[PDB]
file input.txt (compact mmCIF, C-alpha atoms)
# COMPACT_ATOMS: atom_id res chain seq x y z
CA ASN F 7 -55.47 27.33 2.78
CA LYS F 8 -54.08 24.37 0.80
CA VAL F 9 -52.06 23.58 -2.31
CA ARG F 10 -51.02 20.52 -4.29
CA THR F 11 -48.13 19.40 -6.46
CA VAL F 12 -47.86 16.96 -9.35
CA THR F 13 -44.72 15.04 -10.29
CA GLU F 14 -44.44 13.51 -13.74
CA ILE F 15 -41.71 12.21 -16.02
CA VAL F 16 -41.43 13.83 -19.44
CA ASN F 17 -41.75 10.61 -21.42
CA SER F 18 -44.31 8.99 -19.10
CA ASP F 19 -47.88 9.87 -18.16
CA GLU F 20 -47.84 8.23 -14.72
CA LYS F 21 -48.18 11.26 -12.45
CA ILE F 22 -48.04 11.41 -8.66
CA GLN F 23 -50.15 14.07 -6.93
CA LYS F 24 -49.59 15.22 -3.36
CA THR F 25 -51.53 17.75 -1.30
CA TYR F 26 -50.19 20.17 1.31
CA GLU F 27 -52.08 22.07 4.00
CA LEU F 28 -50.58 25.53 4.40
CA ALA F 29 -51.51 25.70 8.09
CA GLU F 30 -48.17 24.11 8.97
CA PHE F 31 -46.19 26.77 7.13
CA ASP F 32 -48.45 29.41 8.66
CA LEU F 33 -47.53 28.12 12.11
CA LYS F 34 -43.85 28.16 11.18
CA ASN F 35 -44.10 31.76 9.97
CA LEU F 36 -46.07 32.94 12.99
CA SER F 37 -43.67 31.33 15.44
CA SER F 38 -40.70 32.82 13.61
CA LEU F 39 -42.21 36.31 13.65
CA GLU F 40 -43.20 36.07 17.31
CA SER F 41 -39.71 34.95 18.31
CA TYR F 42 -38.08 37.67 16.22
CA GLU F 43 -40.26 40.42 17.69
CA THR F 44 -39.73 39.14 21.23
CA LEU F 45 -35.98 39.14 20.66
CA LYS F 46 -36.03 42.68 19.28
CA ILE F 47 -38.06 44.05 22.17
CA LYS F 48 -35.95 42.29 24.79
CA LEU F 49 -32.81 43.61 23.09
CA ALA F 50 -34.15 47.15 23.22
CA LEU F 51 -35.14 46.79 26.86
CA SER F 52 -31.73 45.39 27.78
CA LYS F 53 -30.05 48.24 25.91
CA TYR F 54 -32.14 50.77 27.84
CA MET F 55 -31.27 49.15 31.16
CA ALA F 56 -27.60 49.05 30.16
CA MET F 57 -27.39 52.74 29.25
CA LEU F 58 -29.13 53.64 32.50
CA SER F 59 -26.49 51.57 34.29
CA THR F 60 -23.83 53.40 32.28
CA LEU F 61 -25.11 56.58 33.88
CA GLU F 62 -24.05 54.75 37.06
CA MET F 63 -26.64 55.78 39.62
CA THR F 64 -26.30 53.92 42.90
CA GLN F 65 -29.98 53.56 43.75
CA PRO F 66 -32.50 51.43 41.85
CA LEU F 67 -35.01 53.07 39.55
CA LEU F 68 -37.96 53.19 41.95
CA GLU F 69 -35.81 54.52 44.78
CA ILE F 70 -34.48 57.19 42.43
CA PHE F 71 -37.98 58.33 41.57
CA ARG F 72 -38.97 58.23 45.24
CA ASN F 73 -36.05 60.47 46.23
CA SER M 359 -32.82 70.36 70.56
CA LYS M 360 -35.79 70.07 68.23
CA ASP M 361 -33.72 71.48 65.36
CA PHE M 362 -32.18 68.06 64.68
CA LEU M 363 -32.43 64.35 65.42
CA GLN M 364 -29.80 61.92 66.67
CA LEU M 365 -28.81 59.30 64.11
CA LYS M 366 -29.71 55.78 65.20
CA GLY M 367 -26.74 53.81 66.44
CA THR M 368 -24.64 56.91 67.11
CA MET M 369 -23.88 58.68 70.39
CA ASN M 370 -22.48 61.82 68.75
CA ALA M 371 -24.15 62.19 65.34
CA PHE M 372 -27.25 64.18 64.44
CA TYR M 373 -29.03 65.59 61.41
CA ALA M 374 -30.69 69.00 60.95
CA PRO M 375 -33.42 68.73 58.28
CA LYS M 376 -34.12 72.43 57.72
CA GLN M 377 -30.37 72.82 57.22
CA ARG M 378 -29.91 69.42 55.55
CA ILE M 379 -26.75 68.90 57.60
CA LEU M 380 -25.20 65.80 59.16
CA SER M 381 -22.95 66.71 62.09
CA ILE M 382 -20.67 64.64 64.33
CA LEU M 383 -19.52 66.09 67.64
CA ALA M 384 -15.75 65.94 67.89
CA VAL M 385 -15.47 64.89 71.54
CA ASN M 386 -18.98 65.40 72.93
CA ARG M 387 -21.85 62.99 73.52
CA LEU M 388 -25.46 63.63 72.61
CA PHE M 389 -28.10 63.48 75.31
CA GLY M 390 -31.85 63.56 75.77
CA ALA M 391 -32.75 62.15 72.35
CA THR M 392 -36.20 60.62 72.68
CA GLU M 393 -36.23 60.07 68.91
CA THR M 394 -33.73 58.86 66.34
CA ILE M 395 -33.60 58.71 62.55
CA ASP M 396 -32.07 55.92 60.49
CA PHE M 397 -29.22 57.01 58.27
CA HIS M 398 -29.96 57.05 54.56
CA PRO M 399 -28.06 58.31 51.49
CA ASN M 400 -30.87 60.72 50.64
CA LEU M 401 -29.85 62.74 53.69
CA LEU M 402 -26.61 63.67 51.90
CA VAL M 403 -28.39 65.64 49.21
CA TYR M 404 -25.85 66.43 46.50
CA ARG M 405 -25.20 70.17 46.43
CA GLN M 406 -25.38 71.63 42.94
CA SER M 407 -22.97 74.42 42.00
CA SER M 408 -21.65 75.44 38.59
CA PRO M 409 -18.28 76.40 40.10
CA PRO M 410 -17.17 74.06 42.89
CA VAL M 411 -18.08 75.57 46.24
CA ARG M 412 -14.83 76.49 47.97
CA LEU M 413 -14.11 75.09 51.43
CA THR M 414 -11.55 76.09 54.05
CA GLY M 415 -9.90 74.57 57.09
CA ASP M 416 -9.58 70.83 57.48
CA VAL M 417 -11.23 68.80 54.71
CA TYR M 418 -11.25 65.03 54.24
CA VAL M 419 -12.34 62.85 51.33
CA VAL M 420 -14.98 60.23 52.10
CA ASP M 421 -15.97 59.26 48.55
CA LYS M 422 -14.27 61.02 45.65
CA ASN M 423 -16.68 59.38 43.21
CA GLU M 424 -19.67 60.70 45.18
CA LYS M 425 -18.09 64.05 46.11
CA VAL M 426 -18.55 63.23 49.80
CA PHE M 427 -16.37 65.15 52.22
CA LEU M 428 -15.92 65.71 55.94
CA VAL M 429 -15.26 69.31 56.96
CA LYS M 430 -13.95 70.38 60.34
CA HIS M 431 -16.38 72.86 61.85
CA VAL M 432 -16.63 74.59 65.22
CA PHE M 433 -19.96 75.94 66.36
CA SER M 434 -19.62 79.65 67.15
CA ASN M 435 -20.16 78.77 70.79
CA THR M 436 -16.92 76.81 70.35
CA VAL M 437 -18.29 73.29 69.92
CA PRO M 438 -15.91 71.22 67.78
CA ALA M 439 -17.44 68.82 65.27
CA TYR M 440 -17.41 67.72 61.65
CA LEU M 441 -19.95 68.22 58.89
CA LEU M 442 -20.56 65.44 56.39
CA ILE M 443 -21.40 66.98 53.02
CA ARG M 444 -22.06 65.68 49.52
CA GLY M 445 -21.89 67.88 46.46
CA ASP M 446 -19.75 69.90 44.10
CA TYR M 447 -17.07 71.05 46.54
CA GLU M 448 -13.40 71.95 46.31
CA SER M 449 -10.81 72.50 49.03
CA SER M 450 -8.70 75.63 49.42
CA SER M 451 -5.95 73.62 51.10
CA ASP M 452 -4.70 70.06 50.80
CA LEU M 453 -7.24 67.35 51.58
CA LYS M 454 -6.39 65.24 54.61
CA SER M 455 -6.55 61.54 55.38
CA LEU M 456 -9.36 60.31 57.60
CA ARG M 457 -6.83 58.47 59.77
CA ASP M 458 -6.00 61.87 61.22
CA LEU M 459 -9.44 61.83 62.85
CA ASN M 460 -9.97 60.55 66.36
CA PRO M 461 -11.29 57.04 67.04
CA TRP M 462 -14.60 58.50 68.26
CA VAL M 463 -15.50 60.23 65.00
CA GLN M 464 -13.96 57.36 63.06
CA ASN M 465 -16.24 54.81 64.72
CA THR M 466 -19.26 57.01 64.13
CA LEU M 467 -18.28 57.38 60.48
CA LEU M 468 -17.84 53.63 60.05
CA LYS M 469 -21.30 53.06 61.48
CA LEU M 470 -22.81 55.72 59.24
CA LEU M 471 -21.06 54.74 56.01
CA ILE M 472 -20.48 50.99 55.83
CA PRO M 473 -23.84 49.43 54.88
CA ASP M 474 -25.06 46.85 57.39
CA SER M 475 -25.37 44.07 54.83
call {"tool": "encode", "arguments": {"input": "input.txt", "output": "structure tokens"}}
result
Amino acid sequence: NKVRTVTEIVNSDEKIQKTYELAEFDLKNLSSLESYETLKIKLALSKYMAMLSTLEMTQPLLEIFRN
Amino acid sequence: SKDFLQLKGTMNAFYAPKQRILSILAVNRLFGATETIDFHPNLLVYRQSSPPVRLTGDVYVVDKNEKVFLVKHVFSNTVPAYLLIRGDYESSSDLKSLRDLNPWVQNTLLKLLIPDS
């Protein structure tokens, strides 16, 4: 939800209070997680494609399964 | 005959499905073909064999990577030709360069092998 912080000097009583809405950090976290997961999945898919290429079959995948 | 079909774009090449064989007449033309079949790699089904199948007579390498070979073959009725095969094969004698082949078979082979990009 939200939080707030208070700054104050030890010898003084004049304090400054600020408020933060956590939604911004929530957006940051969600975007980071989404990007990380997308990168992982794309990496795995690329690795799979690459090993299949390593097998070095001339035809494409669908043609292979059709033959 | 109905046992095979003439390959499109070839005057001396035909394919027998039941036998899964691609044949090229050495010096003879085909005739009467009302139908033709487009060449396709699937036709050269790779022969599986735990020990390489031995071959005799004249043998030529088409694609070492794909185990594609051309074997001299004469039909028992004495019809010279060559069989294009793909699979685990080995030659009893020394393999021979394709340049040894006549221009007729060579032209047919070029048509059949080089993709028409």
call {"tool": "interface_residues", "arguments": {"input": "input.txt", "of": "chain F", "to": "chain M", "cutoff": "12 Å", "atoms": "all atoms listed in the file", "output": "PyMOL selection string"}}
result
chain F and resi 62-65+69-73
call {"tool": "write_last_selection", "arguments": {"input": "input.txt", "atoms": "C-alpha atoms", "output": "PDB file, in the frame of the given file"}}
result
ATOM      1  CA  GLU F  62     -24.050  54.750  37.060  1.00  0.00           C
ATOM      2  CA  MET F  63     -26.640  55.780  39.620  1.00  0.00           C
ATOM      3  CA  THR F  64     -26.300  53.920  42.900  1.00  0.00           C
ATOM      4  CA  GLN F  65     -29.980  53.560  43.750  1.00  0.00           C
ATOM      5  CA  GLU F  69     -35.810  54.520  44.780  1.00  0.00           C
ATOM      6  CA  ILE F  70     -34.480  57.190  42.430  1.00  0.00           C
ATOM      7  CA  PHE F  71     -37.980  58.330  41.570  1.00  0.00           C
ATOM      8  CA  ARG F  72     -38.970  58.230  45.240  1.00  0.00           C
ATOM      9  CA  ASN F  73     -36.050  60.470  46.230  1.00  0.00           C
TER      10      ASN F  73
END
call {"tool": "atom_distance", "arguments": {"input": "input.txt", "atom1": "atom CA of residue 371 of chain M", "atom2": "atom CA of residue 411 of chain M"}}
result
24.1 Å
call {"tool": "residues_around", "arguments": {"input": "input.txt", "residues": "residue 407 of chain M", "least_positions_apart": "3", "cutoff": "10 Å", "atoms": "only C-alpha atoms", "output": "list in words"}}
result
residues 404, 410, 411, 445, 446 and 447 of chain M
call {"tool": "write_last_selection", "arguments": {"input": "input.txt", "atoms": "C-alpha atoms", "output": "compact mmCIF listing (two decimals), in the coordinates of the input"}}
result
# COMPACT_ATOMS: atom_id res chain seq x y z
CA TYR M 404 -25.85 66.43 46.50
CA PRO M 410 -17.17 74.06 42.89
CA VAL M 411 -18.08 75.57 46.24
CA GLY M 445 -21.89 67.88 46.46
CA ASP M 446 -19.75 69.90 44.10
CA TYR M 447 -17.07 71.05 46.54
call {"tool": "atom_distance", "arguments": {"input": "input.txt", "atom1": "atom CA of residue 439 of chain M", "atom2": "atom CA of residue 387 of chain M"}}
result
11.0 Å
call {"tool": "residues_near_point", "arguments": {"input": "input.txt", "point": "(-22.9, 66.0, 69.2)", "cutoff": "9 Å", "atoms": "all atoms listed in the file", "output": "list in words"}}
result
residues 364, 369, 370, 371, 372, 381, 382, 383, 384, 385, 386, 387, 388, 389, 437, 438 and 439 of chain M
call {"tool": "write_last_selection", "arguments": {"input": "input.txt", "atoms": "C-alpha atoms", "output": "PDB file, in the frame of the given file"}}
result
ATOM      1  CA  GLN M 364     -29.800  61.920  66.670  1.00  0.00           C
ATOM      2  CA  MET M 369     -23.880  58.680  70.390  1.00  0.00           C
ATOM      3  CA  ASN M 370     -22.480  61.820  68.750  1.00  0.00           C
ATOM      4  CA  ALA M 371     -24.150  62.190  65.340  1.00  0.00           C
ATOM      5  CA  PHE M 372     -27.250  64.180  64.440  1.00  0.00           C
ATOM      6  CA  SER M 381     -22.950  66.710  62.090  1.00  0.00           C
ATOM      7  CA  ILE M 382     -20.670  64.640  64.330  1.00  0.00           C
ATOM      8  CA  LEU M 383     -19.520  66.090  67.640  1.00  0.00           C
ATOM      9  CA  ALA M 384     -15.750  65.940  67.890  1.00  0.00           C
ATOM     10  CA  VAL M 385     -15.470  64.890  71.540  1.00  0.00           C
ATOM     11  CA  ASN M 386     -18.980  65.400  72.930  1.00  0.00           C
ATOM     12  CA  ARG M 387     -21.850  62.990  73.520  1.00  0.00           C
ATOM     13  CA  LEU M 388     -25.460  63.630  72.610  1.00  0.00           C
ATOM     14  CA  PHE M 389     -28.100  63.480  75.310  1.00  0.00           C
ATOM     15  CA  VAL M 437     -18.290  73.290  69.920  1.00  0.00           C
ATOM     16  CA  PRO M 438     -15.910  71.220  67.780  1.00  0.00           C
ATOM     17  CA  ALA M 439     -17.440  68.820  65.270  1.00  0.00           C
TER      18      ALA M 439
END
call {"tool": "closest_residue", "arguments": {"input": "input.txt", "among": "M:409, M:441, M:395, M:420", "to": "residue 379 of chain M", "atoms": "only C-alpha atoms"}}
result
M:441
call {"tool": "closest_residue", "arguments": {"input": "input.txt", "among": "M:374, M:362, M:405, M:415", "to": "residue 393 of chain M", "atoms": "only C-alpha atoms"}}
result
M:362
call {"tool": "atom_distance", "arguments": {"input": "input.txt", "atom1": "atom CA of residue 416 of chain M", "atom2": "atom CA of residue 449 of chain M"}}
result
8.7 Å
call {"tool": "residues_around", "arguments": {"input": "input.txt", "residues": "residue 7 of chain F", "least_positions_apart": "4", "cutoff": "8 Å", "atoms": "all atoms listed in the file", "output": "count of residues only"}}
result
3
call {"tool": "build_atoms", "arguments": {"input": "input.txt", "residues": "segment 48-61 of chain F", "atoms": "N, CA, C and O atoms", "output": "mmCIF file, in the coordinates of the input"}}
result
data_model
loop_
_atom_site.group_PDB
_atom_site.id
_atom_site.type_symbol
_atom_site.label_atom_id
_atom_site.label_comp_id
_atom_site.auth_asym_id
_atom_site.auth_seq_id
_atom_site.Cartn_x
_atom_site.Cartn_y
_atom_site.Cartn_z
ATOM 1 N N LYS F 48 -36.814 42.566 23.649
ATOM 2 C CA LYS F 48 -35.950 42.290 24.790
ATOM 3 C C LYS F 48 -34.584 42.933 24.594
ATOM 4 O O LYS F 48 -33.984 43.433 25.551
ATOM 5 N N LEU F 49 -34.078 42.938 23.361
ATOM 6 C CA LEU F 49 -32.810 43.610 23.090
ATOM 7 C C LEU F 49 -32.912 45.091 23.400
ATOM 8 O O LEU F 49 -32.025 45.663 24.041
ATOM 9 N N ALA F 50 -33.990 45.730 22.952
ATOM 10 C CA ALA F 50 -34.150 47.150 23.220
ATOM 11 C C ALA F 50 -34.239 47.423 24.710
ATOM 12 O O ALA F 50 -33.620 48.364 25.221
ATOM 13 N N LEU F 51 -35.002 46.600 25.428
ATOM 14 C CA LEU F 51 -35.140 46.790 26.860
ATOM 15 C C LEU F 51 -33.805 46.620 27.572
ATOM 16 O O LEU F 51 -33.458 47.400 28.468
ATOM 17 N N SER F 52 -33.042 45.600 27.183
ATOM 18 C CA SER F 52 -31.730 45.390 27.780
ATOM 19 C C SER F 52 -30.816 46.570 27.485
ATOM 20 O O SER F 52 -30.058 47.009 28.354
ATOM 21 N N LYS F 53 -30.870 47.091 26.262
ATOM 22 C CA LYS F 53 -30.050 48.240 25.910
ATOM 23 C C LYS F 53 -30.403 49.444 26.773
ATOM 24 O O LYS F 53 -29.517 50.171 27.241
ATOM 25 N N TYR F 54 -31.698 49.669 26.988
ATOM 26 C CA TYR F 54 -32.140 50.770 27.840
ATOM 27 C C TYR F 54 -31.611 50.601 29.258
ATOM 28 O O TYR F 54 -31.048 51.535 29.849
ATOM 29 N N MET F 55 -31.787 49.408 29.823
ATOM 30 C CA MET F 55 -31.270 49.150 31.160
ATOM 31 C C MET F 55 -29.763 49.381 31.205
ATOM 32 O O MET F 55 -29.238 49.940 32.175
ATOM 33 N N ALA F 56 -29.057 48.966 30.156
ATOM 34 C CA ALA F 56 -27.600 49.050 30.160
ATOM 35 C C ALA F 56 -27.139 50.500 30.116
ATOM 36 O O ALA F 56 -26.197 50.871 30.819
ATOM 37 N N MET F 57 -27.766 51.327 29.281
ATOM 38 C CA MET F 57 -27.390 52.740 29.250
ATOM 39 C C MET F 57 -27.715 53.419 30.577
ATOM 40 O O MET F 57 -26.936 54.252 31.067
ATOM 41 N N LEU F 58 -28.851 53.076 31.188
ATOM 42 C CA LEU F 58 -29.130 53.640 32.500
ATOM 43 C C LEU F 58 -28.063 53.235 33.505
ATOM 44 O O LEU F 58 -27.639 54.046 34.336
ATOM 45 N N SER F 59 -27.610 51.985 33.443
ATOM 46 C CA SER F 59 -26.490 51.570 34.290
ATOM 47 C C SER F 59 -25.251 52.390 33.972
ATOM 48 O O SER F 59 -24.535 52.829 34.878
ATOM 49 N N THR F 60 -24.988 52.611 32.684
ATOM 50 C CA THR F 60 -23.830 53.400 32.280
ATOM 51 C C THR F 60 -23.842 54.753 32.954
ATOM 52 O O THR F 60 -22.793 55.265 33.361
ATOM 53 N N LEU F 61 -25.025 55.350 33.092
ATOM 54 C CA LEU F 61 -25.110 56.580 33.880
ATOM 55 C C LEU F 61 -24.600 56.359 35.291
ATOM 56 O O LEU F 61 -24.143 57.306 35.940
#
